[PDB]
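The structure appears right after this line, and notes come after that.
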Amino acid sequence: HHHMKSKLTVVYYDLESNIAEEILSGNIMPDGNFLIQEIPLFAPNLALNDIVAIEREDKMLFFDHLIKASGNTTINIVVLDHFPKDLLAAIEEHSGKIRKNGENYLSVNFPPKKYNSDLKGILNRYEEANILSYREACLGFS
Amino acid sequence: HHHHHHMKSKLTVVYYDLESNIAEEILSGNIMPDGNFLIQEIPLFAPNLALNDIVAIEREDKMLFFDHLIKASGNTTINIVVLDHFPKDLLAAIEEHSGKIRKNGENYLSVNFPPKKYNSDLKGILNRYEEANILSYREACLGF
Ligand SMILES: [Cl-]
Ligand SMILES: [Cl-]
Ligand SMILES: [Cl-]
């Protein structure tokens, strides 16, 4: 028994239409909702610092619905050749934060209005070259 | 004149050690007026932390735990382990570079270097002793 962050399980459907689960660290807030404190790698329509309602099933906390979006954006990237240096620089310039899953998959958090024509244009240019592919997993405020 | 009570405190940092096993290190410090925690010891083992870093904390089971970094001090933390003795020229270089040391027994030190003091000259001495199998070192926290 050691001190740990609370853990949220998000059920989602993968690219093969099969059920999958992603676990995210965060905090159970005084109102009983959950503050997400990791950048989601796979679950859709969620971002770092979103506040979500939960359903408890014994020892597990499951995502139920979004209560308050942080306004952050989540971009997933698969690297097909190499990660371009100017893309890394642009992520940093726009206050982005990277979470890696191995060397060739990453999720990037952008604060409100930091993902816009600048980053979308660079990502599109590298898709055209088949250097990477990206998903707009979460686009911020609905 | 009498001693006045101050907001001294202790924090537990939960971390994974060099073998990827869960571990805990307690650090002494001072509560700050904003509720954050000023670390006032050189961390011996926990990574990514330095003397005089300011960190956010969480309370659980009547104890305080590290949660996340608020403001890095810019200090660097270097862990050094030796076979049997710390060479005199290494100790002198640490001192010349304004380093402060904390012992864990006779063969282990964690060293704080102020901004810009952990440099290639210091690393060169560490590297020469590493090549001779007399010590190993780790960049636990790279500052400014
Ligand atoms: Cl889904
Ligand atoms: Cl005080
Ligand atoms: Cl110390």
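Every chain in the structure tokens has a letter given in the order shown (A, B, ...), and although residue numbers restart at 1 in each chain, ligands are simply numbered from 1 in the order shown.
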Selection as a list in words: residues within 7 Å of ligand 1 by only C-alpha atoms and all ligand atoms: residues 11, 12, 13 and 44 of chain A
Residues of chain A were defined as contacting chain B if any atom lay at most 9 Å from it, counting only C-alpha atoms; please report them as number ranges by chain. A: 2-5
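Residues of protein, DNA or RNA lying at most 9 Å from ligand 2, when only C-alpha atoms and all ligand atoms are considered, are residues 5, 6, 7, 8, 30, 31, 32 and 33 of chain B.
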Which residues, written as an MDAnalysis selection string, have at least one atom at most 8 Å from residue 119 (chain A), with only C-alpha atoms counted and residues fewer than 4 positions away on the same chain left out? chainID A and resid 87 90:91 115 123
Please check which protein, DNA or RNA residues sit within 10 Å of ligand 3, counting only C-alpha atoms and all ligand atoms, and write them as a VMD selection string. chain B and resid 27 to 28 39 to 44 50 to 51 100 to 103 110 to 112
Can you tell me, as a ChimeraX atom specification, what residues are no more than 12 Å from residue 72 (chain A) when counting only C-alpha atoms, ignoring any on the same chain fewer than 3 positions away? /A:36,39-40,45-51,68-69,75,95-97,108-116,136-142
Enter the distance from CA of residue 35 (chain B) to CA of residue 56 (chain B), in Å, rounded to one decimal. 7.7 Å
So which residues of region 10-102 of chain A fall under strand (DSSP E or B) by DSSP, listed as a PyMOL selection string? chain A and resi 10-13+19-28+34-36+51-57+60-68+73-79+97-100
Those same residues - N, CA and C atoms - I'd like them written as a tab-separated table (two decimals), in the first residue's frame.
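Below is the file that was written, result_9.tsv:
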chain	number	residue	atom	x	y	z
A	10	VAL	N	-11.65	4.71	-18.91
A	10	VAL	CA	-12.50	5.21	-20.00
A	10	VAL	C	-12.70	4.08	-21.00
A	11	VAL	N	-13.96	3.65	-21.16
A	11	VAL	CA	-14.30	2.67	-22.20
A	11	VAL	C	-14.45	3.39	-23.53
A	12	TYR	N	-13.86	2.81	-24.58
A	12	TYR	CA	-13.99	3.39	-25.92
A	12	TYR	C	-13.91	2.27	-26.94
A	13	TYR	N	-14.33	2.57	-28.17
A	13	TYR	CA	-14.25	1.63	-29.28
A	13	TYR	C	-13.02	1.93	-30.12
A	19	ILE	N	-14.30	-3.18	-28.12
A	19	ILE	CA	-14.26	-2.41	-26.88
A	19	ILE	C	-12.84	-2.42	-26.33
A	20	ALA	N	-12.39	-1.25	-25.88
A	20	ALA	CA	-11.07	-1.07	-25.28
A	20	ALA	C	-11.23	-0.17	-24.06
A	21	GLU	N	-10.18	-0.10	-23.25
A	21	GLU	CA	-10.18	0.72	-22.05
A	21	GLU	C	-8.85	1.44	-21.93
A	22	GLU	N	-8.91	2.72	-21.57
A	22	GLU	CA	-7.72	3.48	-21.20
A	22	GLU	C	-7.85	3.95	-19.76
A	23	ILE	N	-6.78	3.80	-18.99
A	23	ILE	CA	-6.75	4.25	-17.60
A	23	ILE	C	-5.95	5.55	-17.51
A	24	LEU	N	-6.55	6.56	-16.86
A	24	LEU	CA	-5.95	7.88	-16.71
A	24	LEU	C	-5.84	8.23	-15.23
A	25	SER	N	-4.68	8.75	-14.83
A	25	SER	CA	-4.48	9.23	-13.47
A	25	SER	C	-5.13	10.59	-13.27
A	26	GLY	N	-5.53	10.87	-12.04
A	26	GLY	CA	-6.14	12.15	-11.72
A	26	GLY	C	-6.65	12.16	-10.29
A	27	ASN	N	-7.54	13.11	-10.01
A	27	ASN	CA	-8.01	13.38	-8.66
A	27	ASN	C	-9.52	13.29	-8.58
A	28	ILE	N	-10.01	12.67	-7.51
A	28	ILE	CA	-11.42	12.77	-7.15
A	28	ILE	C	-11.60	14.10	-6.43
A	34	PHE	N	-14.12	13.83	-11.35
A	34	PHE	CA	-12.74	13.41	-11.55
A	34	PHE	C	-12.02	14.39	-12.46
A	35	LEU	N	-10.87	14.90	-11.99
A	35	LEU	CA	-10.01	15.78	-12.77
A	35	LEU	C	-8.95	14.92	-13.46
A	36	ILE	N	-8.97	14.91	-14.79
A	36	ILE	CA	-8.01	14.13	-15.57
A	36	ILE	C	-6.66	14.84	-15.56
A	51	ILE	N	-12.82	17.84	-16.49
A	51	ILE	CA	-13.50	17.34	-15.30
A	51	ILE	C	-14.67	16.48	-15.76
A	52	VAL	N	-14.71	15.22	-15.29
A	52	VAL	CA	-15.69	14.27	-15.79
A	52	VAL	C	-16.49	13.67	-14.63
A	53	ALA	N	-17.73	13.30	-14.93
A	53	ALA	CA	-18.52	12.54	-13.98
A	53	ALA	C	-18.13	11.08	-14.07
A	54	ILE	N	-18.25	10.38	-12.94
A	54	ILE	CA	-17.83	8.99	-12.87
A	54	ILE	C	-18.96	8.12	-12.36
A	55	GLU	N	-18.87	6.83	-12.69
A	55	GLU	CA	-19.68	5.79	-12.08
A	55	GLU	C	-18.74	4.78	-11.42
A	56	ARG	N	-18.95	4.52	-10.13
A	56	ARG	CA	-18.11	3.58	-9.40
A	56	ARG	C	-18.71	2.18	-9.49
A	57	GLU	N	-17.87	1.21	-9.86
A	57	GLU	CA	-18.22	-0.22	-9.79
A	57	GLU	C	-17.14	-0.90	-8.95
A	60	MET	N	-13.42	0.21	-9.10
A	60	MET	CA	-13.09	0.91	-10.33
A	60	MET	C	-13.93	2.17	-10.45
A	61	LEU	N	-13.33	3.20	-11.03
A	61	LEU	CA	-14.02	4.43	-11.39
A	61	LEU	C	-14.09	4.49	-12.90
A	62	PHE	N	-15.29	4.54	-13.45
A	62	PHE	CA	-15.49	4.60	-14.89
A	62	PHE	C	-15.97	5.97	-15.33
A	63	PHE	N	-15.43	6.45	-16.45
A	63	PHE	CA	-15.95	7.65	-17.07
A	63	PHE	C	-17.43	7.48	-17.38
A	64	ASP	N	-18.22	8.48	-16.97
A	64	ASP	CA	-19.64	8.53	-17.27
A	64	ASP	C	-19.97	9.60	-18.31
A	65	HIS	N	-19.67	10.86	-18.03
A	65	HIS	CA	-19.86	11.92	-19.01
A	65	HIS	C	-18.99	13.11	-18.66
A	66	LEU	N	-18.76	13.97	-19.64
A	66	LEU	CA	-17.96	15.16	-19.44
A	66	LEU	C	-18.78	16.21	-18.70
A	67	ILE	N	-18.21	16.77	-17.64
A	67	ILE	CA	-18.86	17.85	-16.87
A	67	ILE	C	-18.36	19.23	-17.29
A	68	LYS	N	-17.04	19.41	-17.38
A	68	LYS	CA	-16.47	20.71	-17.73
A	68	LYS	C	-15.19	20.47	-18.51
A	73	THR	N	-6.86	20.98	-26.27
A	73	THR	CA	-6.97	20.10	-27.41
A	73	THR	C	-6.01	18.92	-27.24
A	74	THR	N	-6.39	17.75	-27.78
A	74	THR	CA	-5.54	16.56	-27.77
A	74	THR	C	-5.36	16.11	-29.22
A	75	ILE	N	-4.10	16.05	-29.67
A	75	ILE	CA	-3.74	15.59	-31.00
A	75	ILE	C	-2.92	14.30	-30.87
A	76	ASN	N	-3.34	13.24	-31.55
A	76	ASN	CA	-2.55	12.02	-31.61
A	76	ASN	C	-1.71	12.03	-32.88
A	77	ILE	N	-0.48	11.52	-32.79
A	77	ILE	CA	0.41	11.44	-33.95
A	77	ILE	C	1.05	10.07	-34.00
A	78	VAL	N	0.98	9.42	-35.18
A	78	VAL	CA	1.78	8.24	-35.49
A	78	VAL	C	2.91	8.68	-36.41
A	79	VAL	N	4.14	8.37	-36.02
A	79	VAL	CA	5.31	8.72	-36.81
A	79	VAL	C	5.59	7.57	-37.77
A	97	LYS	N	2.38	20.10	-24.84
A	97	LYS	CA	3.00	19.10	-23.98
A	97	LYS	C	2.82	17.73	-24.62
A	98	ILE	N	3.89	16.94	-24.66
A	98	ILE	CA	3.91	15.65	-25.35
A	98	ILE	C	3.86	14.51	-24.34
A	99	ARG	N	3.02	13.51	-24.63
A	99	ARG	CA	3.07	12.22	-23.94
A	99	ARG	C	3.39	11.15	-24.97
A	100	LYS	N	4.46	10.39	-24.73
A	100	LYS	CA	4.86	9.34	-25.67
A	100	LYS	C	4.27	8.00	-25.27
What are the DSSP alpha helix (DSSP H) residues of region 50-125 of chain A, as an mmCIF file with N, CA, C and O atoms, in the first residue's frame?
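The resulting file, states_8.cif, is reproduced below:
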data_model
loop_
_atom_site.group_PDB
_atom_site.id
_atom_site.type_symbol
_atom_site.label_atom_id
_atom_site.label_comp_id
_atom_site.auth_asym_id
_atom_site.auth_seq_id
_atom_site.Cartn_x
_atom_site.Cartn_y
_atom_site.Cartn_z
ATOM 1 N N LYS A 85 11.963 17.955 -37.005
ATOM 2 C CA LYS A 85 12.490 18.916 -36.039
ATOM 3 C C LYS A 85 11.647 20.183 -35.979
ATOM 4 O O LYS A 85 11.407 20.722 -34.891
ATOM 5 N N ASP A 86 11.198 20.695 -37.130
ATOM 6 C CA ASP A 86 10.415 21.930 -37.086
ATOM 7 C C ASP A 86 9.033 21.720 -36.471
ATOM 8 O O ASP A 86 8.469 22.661 -35.892
ATOM 9 N N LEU A 87 8.487 20.505 -36.561
ATOM 10 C CA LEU A 87 7.234 20.195 -35.877
ATOM 11 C C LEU A 87 7.433 20.202 -34.365
ATOM 12 O O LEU A 87 6.628 20.779 -33.627
ATOM 13 N N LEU A 88 8.506 19.567 -33.884
ATOM 14 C CA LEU A 88 8.811 19.634 -32.456
ATOM 15 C C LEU A 88 8.951 21.078 -31.992
ATOM 16 O O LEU A 88 8.412 21.461 -30.947
ATOM 17 N N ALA A 89 9.647 21.902 -32.777
ATOM 18 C CA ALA A 89 9.830 23.301 -32.410
ATOM 19 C C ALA A 89 8.496 24.028 -32.368
ATOM 20 O O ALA A 89 8.257 24.855 -31.477
ATOM 21 N N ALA A 90 7.608 23.723 -33.316
ATOM 22 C CA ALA A 90 6.314 24.393 -33.348
ATOM 23 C C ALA A 90 5.447 23.969 -32.173
ATOM 24 O O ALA A 90 4.732 24.794 -31.595
ATOM 25 N N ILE A 91 5.502 22.693 -31.799
ATOM 26 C CA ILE A 91 4.775 22.250 -30.613
ATOM 27 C C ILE A 91 5.216 23.048 -29.391
ATOM 28 O O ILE A 91 4.383 23.579 -28.638
ATOM 29 N N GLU A 92 6.534 23.162 -29.195
ATOM 30 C CA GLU A 92 7.066 23.902 -28.050
ATOM 31 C C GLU A 92 6.666 25.371 -28.090
ATOM 32 O O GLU A 92 6.289 25.946 -27.057
ATOM 33 N N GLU A 93 6.764 26.001 -29.268
ATOM 34 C CA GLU A 93 6.412 27.413 -29.402
ATOM 35 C C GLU A 93 4.951 27.659 -29.036
ATOM 36 O O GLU A 93 4.608 28.732 -28.524
ATOM 37 N N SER A 117 -4.379 27.239 -37.112
ATOM 38 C CA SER A 117 -3.857 27.051 -38.462
ATOM 39 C C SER A 117 -2.357 26.787 -38.475
ATOM 40 O O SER A 117 -1.858 26.140 -39.408
ATOM 41 N N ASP A 118 -1.619 27.265 -37.470
ATOM 42 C CA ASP A 118 -0.171 27.046 -37.456
ATOM 43 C C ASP A 118 0.151 25.556 -37.421
ATOM 44 O O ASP A 118 0.795 25.018 -38.335
ATOM 45 N N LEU A 119 -0.275 24.872 -36.352
ATOM 46 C CA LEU A 119 0.055 23.461 -36.208
ATOM 47 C C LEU A 119 -0.712 22.605 -37.208
ATOM 48 O O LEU A 119 -0.176 21.613 -37.713
ATOM 49 N N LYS A 120 -1.970 22.948 -37.498
ATOM 50 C CA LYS A 120 -2.720 22.121 -38.440
ATOM 51 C C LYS A 120 -2.053 22.131 -39.813
ATOM 52 O O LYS A 120 -1.990 21.093 -40.490
ATOM 53 N N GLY A 121 -1.512 23.283 -40.226
ATOM 54 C CA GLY A 121 -0.850 23.354 -41.519
ATOM 55 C C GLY A 121 0.410 22.512 -41.583
ATOM 56 O O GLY A 121 0.658 21.841 -42.586
ATOM 57 N N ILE A 122 1.232 22.543 -40.527
ATOM 58 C CA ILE A 122 2.462 21.747 -40.510
ATOM 59 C C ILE A 122 2.144 20.257 -40.489
ATOM 60 O O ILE A 122 2.777 19.453 -41.190
ATOM 61 N N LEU A 123 1.152 19.859 -39.682
ATOM 62 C CA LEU A 123 0.751 18.451 -39.641
ATOM 63 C C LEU A 123 0.244 17.998 -41.009
ATOM 64 O O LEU A 123 0.577 16.900 -41.472
ATOM 65 N N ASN A 124 -0.517 18.857 -41.697
ATOM 66 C CA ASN A 124 -1.025 18.496 -43.019
ATOM 67 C C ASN A 124 0.104 18.341 -44.020
ATOM 68 O O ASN A 124 0.064 17.449 -44.876
ATOM 69 N N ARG A 125 1.110 19.220 -43.946
ATOM 70 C CA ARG A 125 2.250 19.121 -44.852
ATOM 71 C C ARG A 125 2.986 17.797 -44.660
ATOM 72 O O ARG A 125 3.393 17.159 -45.639
#
